[PDB]
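Visitor: Can you keep this structure in mind? I'll have questions shortly.
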Amino acid sequence: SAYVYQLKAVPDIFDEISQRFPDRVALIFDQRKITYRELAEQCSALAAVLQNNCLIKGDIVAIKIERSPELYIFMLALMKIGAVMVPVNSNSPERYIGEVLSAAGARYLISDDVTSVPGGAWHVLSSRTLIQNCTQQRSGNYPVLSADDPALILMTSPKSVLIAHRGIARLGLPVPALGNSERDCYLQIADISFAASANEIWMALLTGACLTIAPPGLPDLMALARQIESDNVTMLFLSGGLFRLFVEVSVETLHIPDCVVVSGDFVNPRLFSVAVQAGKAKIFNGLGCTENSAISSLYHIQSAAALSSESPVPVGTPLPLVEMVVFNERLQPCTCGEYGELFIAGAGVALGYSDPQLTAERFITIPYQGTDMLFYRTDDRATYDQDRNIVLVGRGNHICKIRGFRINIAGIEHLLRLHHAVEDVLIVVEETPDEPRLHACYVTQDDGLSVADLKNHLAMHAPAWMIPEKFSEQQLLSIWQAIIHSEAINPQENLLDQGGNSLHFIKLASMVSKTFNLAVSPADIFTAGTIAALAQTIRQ
Amino acid sequence: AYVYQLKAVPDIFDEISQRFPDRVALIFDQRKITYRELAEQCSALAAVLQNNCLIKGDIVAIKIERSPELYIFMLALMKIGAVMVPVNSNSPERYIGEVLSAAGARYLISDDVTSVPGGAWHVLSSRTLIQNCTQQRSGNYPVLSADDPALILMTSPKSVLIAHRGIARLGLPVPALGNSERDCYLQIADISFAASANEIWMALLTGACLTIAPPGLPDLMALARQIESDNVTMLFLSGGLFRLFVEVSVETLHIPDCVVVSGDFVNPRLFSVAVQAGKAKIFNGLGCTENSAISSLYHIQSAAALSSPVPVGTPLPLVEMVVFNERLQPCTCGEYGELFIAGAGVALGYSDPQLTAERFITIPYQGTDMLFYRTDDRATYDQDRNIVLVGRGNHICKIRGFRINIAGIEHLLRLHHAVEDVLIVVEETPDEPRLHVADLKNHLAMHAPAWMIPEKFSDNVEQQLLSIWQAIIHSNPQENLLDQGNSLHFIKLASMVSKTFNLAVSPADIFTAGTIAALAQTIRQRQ
Numbered sequence: 004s005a006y007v008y009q010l011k012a013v014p015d016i017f018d019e020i021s022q023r024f025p026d027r028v029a030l031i032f033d034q035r036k037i038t039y040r041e042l043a044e045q046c047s048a049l050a051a052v053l054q055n056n057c058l059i060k061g062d063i064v065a066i067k068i069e070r071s072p073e074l075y076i077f078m079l080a081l082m083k084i085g086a087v088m089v090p091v092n093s094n095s096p097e098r099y100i101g102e103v104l105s106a107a108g109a110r111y112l113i114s115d116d117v118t119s120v121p122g123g124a125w126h127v128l129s130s131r132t133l134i135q136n137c138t139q140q141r142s143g144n145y146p147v148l149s150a151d152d153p154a155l156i157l158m159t160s166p167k168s169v170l171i172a173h174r175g176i177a178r179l180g181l182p183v184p185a186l187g188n189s190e191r192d193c194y195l196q197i198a199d200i201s202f203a204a205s206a207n208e209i210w211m212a213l214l215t216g217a218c219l220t221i222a223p224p225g226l227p228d229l230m231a232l233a234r235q236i237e238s239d240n241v242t243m244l245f246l247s248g249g250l251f252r253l254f255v256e257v258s259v260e261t262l263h264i265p266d267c268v269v270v271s272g273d274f275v276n277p278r279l280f281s282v283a284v285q286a287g288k289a290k291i292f293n294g295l296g297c298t299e300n301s302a303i304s305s306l307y308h309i310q311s312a313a314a315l316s317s318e319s320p321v322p323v324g325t326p327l328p329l330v331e332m333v334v335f336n337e338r339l340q341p342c343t344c345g346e347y348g349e350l351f352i353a354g355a356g357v358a359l360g361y362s363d364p365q366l367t368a369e370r371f372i373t374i375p376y377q378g379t380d381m382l383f384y385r386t387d388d389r390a391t392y393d394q395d396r397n398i399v400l401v402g403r404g405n406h407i408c409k410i411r412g413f414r415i416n417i418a419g420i421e422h423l424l425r426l427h428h429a430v431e432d433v434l435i436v437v438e439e440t441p442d443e444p445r446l447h448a449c450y451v452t453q454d455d456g457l458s459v460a461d462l463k464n465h466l467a468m469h470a471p472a473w474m475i476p477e478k479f480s513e514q515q516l517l518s519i520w521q522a523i524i525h526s527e528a529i530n531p532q533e534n535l536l537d538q539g540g541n542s543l544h545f546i547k548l549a550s551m552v553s554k555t556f557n558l559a560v561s562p563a564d565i566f567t568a569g570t571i572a573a574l575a576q577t578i579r580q
Numbered sequence: 005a006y007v008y009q010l011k012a013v014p015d016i017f018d019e020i021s022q023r024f025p026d027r028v029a030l031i032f033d034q035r036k037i038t039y040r041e042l043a044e045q046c047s048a049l050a051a052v053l054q055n056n057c058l059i060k061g062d063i064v065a066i067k068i069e070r071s072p073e074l075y076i077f078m079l080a081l082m083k084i085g086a087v088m089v090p091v092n093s094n095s096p097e098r099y100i101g102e103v104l105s106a107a108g109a110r111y112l113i114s115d116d117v118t119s120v121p122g123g124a125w126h127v128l129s130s131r132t133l134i135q136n137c138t139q140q141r142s143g144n145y146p147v148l149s150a151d152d153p154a155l156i157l158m159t160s166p167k168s169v170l171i172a173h174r175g176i177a178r179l180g181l182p183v184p185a186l187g188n189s190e191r192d193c194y195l196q197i198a199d200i201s202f203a204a205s206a207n208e209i210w211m212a213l214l215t216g217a218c219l220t221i222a223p224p225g226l227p228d229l230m231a232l233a234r235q236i237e238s239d240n241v242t243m244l245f246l247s248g249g250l251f252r253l254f255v256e257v258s259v260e261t262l263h264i265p266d267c268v269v270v271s272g273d274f275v276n277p278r279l280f281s282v283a284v285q286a287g288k289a290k291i292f293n294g295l296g297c298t299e300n301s302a303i304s305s306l307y308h309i310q311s312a313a314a315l316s317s320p321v322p323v324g325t326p327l328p329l330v331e332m333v334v335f336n337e338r339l340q341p342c343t344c345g346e347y348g349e350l351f352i353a354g355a356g357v358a359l360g361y362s363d364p365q366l367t368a369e370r371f372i373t374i375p376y377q378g379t380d381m382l383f384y385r386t387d388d389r390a391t392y393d394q395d396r397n398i399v400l401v402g403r404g405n406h407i408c409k410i411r412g413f414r415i416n417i418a419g420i421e422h423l424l425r426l427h428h429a430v431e432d433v434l435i436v437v438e439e440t441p442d443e444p445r446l447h459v460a461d462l463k464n465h466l467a468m469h470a471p472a473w474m475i476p477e478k479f480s510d511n512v513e514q515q516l517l518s519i520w521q522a523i524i525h526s530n531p532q533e534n535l536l537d538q540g541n542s543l544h545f546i547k548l549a550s551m552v553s554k555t556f557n558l559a560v561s562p563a564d565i566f567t568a569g570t571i572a573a574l575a576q577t578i579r580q581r582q
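These protein sequence lines are chains C and A, in that order.
Residue numbers 4 to 160, 166 to 480, 513 to 580, in the authors' numbering, belong to the letters of the first sequence in order.
Residue numbers 5 to 160, 166 to 317, 320 to 447, 459 to 480, 510 to 526, 530 to 538, 540 to 582, in the authors' numbering, belong to the letters of the second sequence in order.
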């Protein structure tokens, strides 16, 4: 009877873990290996130091540290003293940092770069100063923490999500689908600002396994392959995009580990097929949900015969202490092939958003198995497989998943409207051969404005992953490309500033006048300035 | 032939307008002006110019847009014995100042007083002078000789002084063309160039009609409509514009009777396609600034007369052309030499007498001492004694026939505040040879005419890297966008480069390289 037990908090699990496996490797960065004994000592020293700087239970403390051993020492230490973490991406722009810390209400900010952070109602603290201040015997005096106490805050579009201790402490339970243990090794490549990073960190540190730390910045697919082999990773978690990258460029890497878990967004089955055919490793499709703290369900693709373009790959069956139900409009569990909405419950469920009205919209208390149980209501349209696996079939909300980052369109539209040259912007999602792309249609009165201007504008206000990749005829451009011969050097973009010489413009005007029954002079060409203006005057 | 001499341009025009008074001399838009009307306006304006104390030998510059009034002023200035300095109306005023200084101009007549610089010259409004024309005419114009100066042209600037004979020779019918008063000429060349003489004076000094193309850039379709509307029979084209007509509207080239292409080498394939397309005679011609105007014509009678350069032919009336070997003997057929030009068209010299001695040389030819302008064209004789140009040398650069000075553009580009240094070269292109960021062009456009600006301002790894990214871009070459932040694409690109080569390339290496070309540079460097 599961109601007779409850999870210990993350600090207590780590303390018992580090006593049961003290001589096991916990962290690897470059060639430096840190043991659980060594890591536990550093955690205890840093926790005492953090208490000296007036951090107490319940404080909202942000972390902005590059991927390094000190990042996880801070995570563990902040847990131990009962603070609430707000992880910030270290390459995030400081304007976005200001908005994040204000939405979270973070009163302290611990950073390895004090120059790259904004000022505000928070006290900024040097990571290096706090690490240097450690003493090698000081411990104790830490609060008793409950499983339901808050542990960290994550952001969704911004909405603040409050994660309980239990929501990540559940990753200290072995997952029967993975058969994971202390003998495994995890590669962390996900960013700490995302729930995905928990899958790598806490599944490692709370089972006695090893966590090998990828260097900061963008992933280097070949360095990651090199790193996976050198550090003998056995459990590999990947986003759909990065999984596709490995399949297309270095599929032989995907079978060095034992299990590969792809999660966060719909992936085309052919990529799974090539991966599954390519070797012995166990390939998984997983449901990950920020409001369920971390990875929630796994489906093991045993063979390519389970894959088809007729229907998407299942997300599988819940993790330990996770419960998932697909409900029809009458709050009945859907039968096989009946489409409904996916509800998630159990230990992983967040404590709620910062807005309690939105919390009531998305977190619902339902009597299930005869007991009042709280379900997070995902806006994912789903059904049950013939074998009671759960299959996601689509979406039904304004929150959209591009590259798995979960973006709200209206925020980027507004951020672009603040630019002096931009009058209004409309953003649309568009199909693309491999993954859907974000396409922004903008209107301006200024023509001396580059797409890079809008991109660099957003990059000071928002993360680089949030930028739309595309920003807002054929007969005219083809004619000019033949006149200058360089079909590829001259796009439909920009003015005619390369031009060539006089003769090129005369040739263009006469041929346009020949191909369109319209009188076009070089003066009309120079007054148009670009191909689009020529097309507009032609249709007029 | 030494017992008589050519009349001056005013006297030939007077004889023409007395013999053909009711013939159309000028056409602008729909406005037709007869020789009678043109003569009256010239006489009125000549009296006006004389009353303003312009006298024989005065250096008078004109900056007037293509219009009837432009040619009225040209004729009137000739009558009073002034020395013309035609200025391109699209020239920037800083270049206009340099031209007037090099010419020694004392006066400047313009239809736009605001577009010209001040200096040692008196500025006069064309329009005011036209209004000042009353009914009285002069009863005493200077006696002009064939050897009297008529106009000054520029080469790179050095001033070339043209005698009256040098353009008055165009009043003699050319036997190759069969021209007469019955013909019509399209004026489209700019007055700052000798080429415009071929159109202006061959019309006005033979009794023919001159149709005036509107100011600005040539509009190939507007020119086609105008050639058809005014039934042009003699069409003079630059090599570039001839090629443009052949490629776009070759049917226009056969509305006239003769088409004369001159100024630069033309691909024989263009002549062949032109000659096949209809009835008109296609000519290749030698034009030389120091010979005042068109100098020789070759009639390309069929496509069979062409092989993979077209001869420039035999001289015009009173022009003599000799190809000399190193010992000053006329070259035999197939013997290569240097082209020398003599006769009525030869210029009086440059403004500096040292260069005049360098390029104008007195040689005994068939027992007579004759003054030859010495070109730097390497040439030989055809088996039928047509002259064929085969190459070029020295400081003359043949970019679309403009005779560019490379050192001058280097200097003008070094003047920009972001100096650095410049080299500039000429490169072989499919079309005309090209001279090899827009701020630099807009800088030069303030110092020189737009035709003077260079058009370009600056191993399988490049092909491989381009195709590697084409796995993404097929959904452009080595510098269209440079570092264009879509993670996935940049990660895929760096890994595939590392996979297709044998070197560790990170996304940081891609971002620090900047583009496929710099990526290939580092790749070839790191190999």
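Even for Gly, the Cβ is constructed at its ideal location relative to N, Cα and C.
(1) Find the residues of chain C that neighbour A:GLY61, judging by a C-beta separation of less than 7 Å, and give them in chain order.
(2) Alpha carbon to alpha carbon, what distance is there between A:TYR145 and A:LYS83?
(3) Provide the residue(s) that pair with A:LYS167 in DSSP beta bridges, ordered along the chain.
(4) Could you give the DSSP three-state label for A:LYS290: helix, strand or coil?
(5) Per DSSP, what are the beta-bridge partners of C:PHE479 in this structure?
(6) Which residues bound the beta strand (DSSP E) around C:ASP380?
(7) Mind pulling the chain A residues with CB within less than 9 Å of C:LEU457?
(8) Return the CA-CA distance between A:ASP151 and A:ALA172, expressed in angstroms with no decimal places.
(9) Taking C:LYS547 as the query, report the chain A residues whose CB atoms sit under 8 Å from its CB, ordered along the chain.
(10) Quick check on DSSP: helix, strand or coil for C:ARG35?
(11) What are the start and end residues of each continuous alpha helix (DSSP H) run of 4 or more residues lying completely inside the stretch 28 to 83 of chain C, in chain order?
(12) Quick one, which residues of the stretch 447 to 473 of chain C are near chain A if we go by CB-CB under 8 Å, in chain order?
(13) Short check: CB of A:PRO166 to CB of A:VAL103, under 8 Å?
(14) Just to confirm the assignment: which complete beta strand (DSSP E) runs, minimum length 3, are found wholly within the stretch 178 to 247 of chain C?
(15) For chain A, is any of its Cβ atoms less than 8 Å away from the one on C:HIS422?
(16) Where does the unbroken beta strand (DSSP E) through C:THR373 begin, and where does it stop?
(17) Under 8 Å: do the stretch 33 to 46 of chain C and the stretch 60 to 77 of chain C share three or more Cβ pairs, one atom per stretch?
(18) Please work out which residues of its chain come closer than 6 Å, Cβ to Cβ, to C:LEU181, disregarding the five sequence neighbours upstream and downstream, and give them in chain order.
(19) What distance in whole Å lies between the Cβ atoms of C:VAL323 and C:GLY294, which are believed to be in contact at a cut-off of 8 Å?
(20) Should A:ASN530 be flagged as near chain C, meaning a C-beta pair shorter than 8 Å?
(21) When we look at the beta-carbon of C:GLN453 and count the other beta-carbons within 10 Å, is it buried (16 or more) or exposed?
(22) Confirm, please, whether the CB-CB distance from A:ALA460 to C:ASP199 is below 8 Å.
(23) Using a beta-carbon distance below 8 Å, is A:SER518 in contact with chain C?
(24) Exposed or buried, which one is C:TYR307 when buried takes at least 16 other CB atoms within 10 Å?
(25) Are the C-beta of C:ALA573 and some C-beta of chain A separated by less than 8 Å?
(26) Rounded C-beta distance between C:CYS193 and C:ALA217? I'm assuming under 8 Å.
(27) Between the stretch 391 to 406 of chain A and the stretch 357 to 375 of chain A, are three or more C-beta pairs nearer than 8 Å?
(28) Run the CB neighbour count on A:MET332, radius 10 Å, all protein chains shown included, and call it buried at 16 or more, exposed below.
(29) Determine the extent of the alpha helix (DSSP H) in which A:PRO14 is found, giving its start and end residues.
(30) Going along the chain, which residues of its own chain have a beta-carbon closer than 6 Å to the beta-carbon of C:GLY348, five neighbours each way excluded?
(31) Where A:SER553 and C:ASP228 are concerned, what is the direct C-alpha to C-alpha distance, given to the nearest angstrom?
(32) Residue range of the beta strand (DSSP E) that C:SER317 falls in?
Guide: Taking the coordinates as given:
(1) Simply none; closest approach about 36 Å.
(2) One alpha carbon belongs to A:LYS83, the other to A:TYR145, and they sit about 7 Å apart.
(3) Bridge partners of A:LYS167: A:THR159.
(4) A:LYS290 sits in a strand when the DSSP states are folded into three classes.
(5) Its beta-bridge partners are C:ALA448.
(6) For C:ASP380, the uninterrupted beta strand (DSSP E) run begins and ends at 379 to 392, by DSSP.
(7) Near C:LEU457 there are no residues of chain A at all, since even the closest Cβ is about 16 Å away, more than 9 Å.
(8) Roughly 5 Å separates the two Cα atoms.
(9) Listed along chain A, the residues sitting closer than 8 Å to C:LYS547 by beta-carbon distance are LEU229, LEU253, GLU256 and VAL257.
(10) For C:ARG35, the three-state secondary structure derived from DSSP is strand.
(11) As far as the stretch 28 to 83 of chain C is concerned, its whole alpha helix (DSSP H) runs of at least 4 residues are 39 to 55 and 72 to 83.
(12) Per Cβ criterion, the list reads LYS463, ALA467, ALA472 and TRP473.
(13) It is a contact, given that the beta carbons lie within the stated cut-off.
(14) Uninterrupted beta strand (DSSP E) stretches at least 3 residues long and entirely within the stretch 178 to 247 of chain C occur at 193 to 196, 218 to 221 and 243 to 247, given in chain order.
(15) Answer no: the Cβ-Cβ gap between C:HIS422 and chain A never drops below 8 Å.
(16) Taken as a continuous stretch (DSSP letters only), the beta strand (DSSP E) holding C:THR373 covers 371 to 376.
(17) Touching, yes.
(18) Cβ within range, chain order: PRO328.
(19) About 6 Å; that satisfies the 8 Å criterion.
(20) Taking Cβ atoms only, chain C reaches closer than 8 Å to A:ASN530, which makes this a yes.
(21) That one is exposed.
(22) Contact annotation: C:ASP199 and A:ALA460 have beta-carbon atoms that are not nearer than 8 Å.
(23) So no, A:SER518 is outside the interface.
(24) With a threshold of 16 other beta carbon atoms within 10 Å, C:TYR307 meets it and is buried.
(25) Nearest CB-CB separation between C:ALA573 and chain A: not below the 8 Å threshold.
(26) Confirmed, about 6 Å.
(27) Contact between the stretch 391 to 406 of chain A and the stretch 357 to 375 of chain A is not established, with fewer than three Cβ pairs separated by less than 8 Å.
(28) Taking a 10 Å sphere around the C-beta of A:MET332, we find 16 or more other C-beta atoms and assign the residue as buried.
(29) That run of the alpha helix (DSSP H) goes 13 to 23.
(30) The residues are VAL334, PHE335, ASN336 and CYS342.
(31) The alpha-carbon atoms of A:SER553 and C:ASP228 are separated by roughly 11 Å.
(32) Note, C:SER317: premise wrong, no beta strand (DSSP E); not H, not E.
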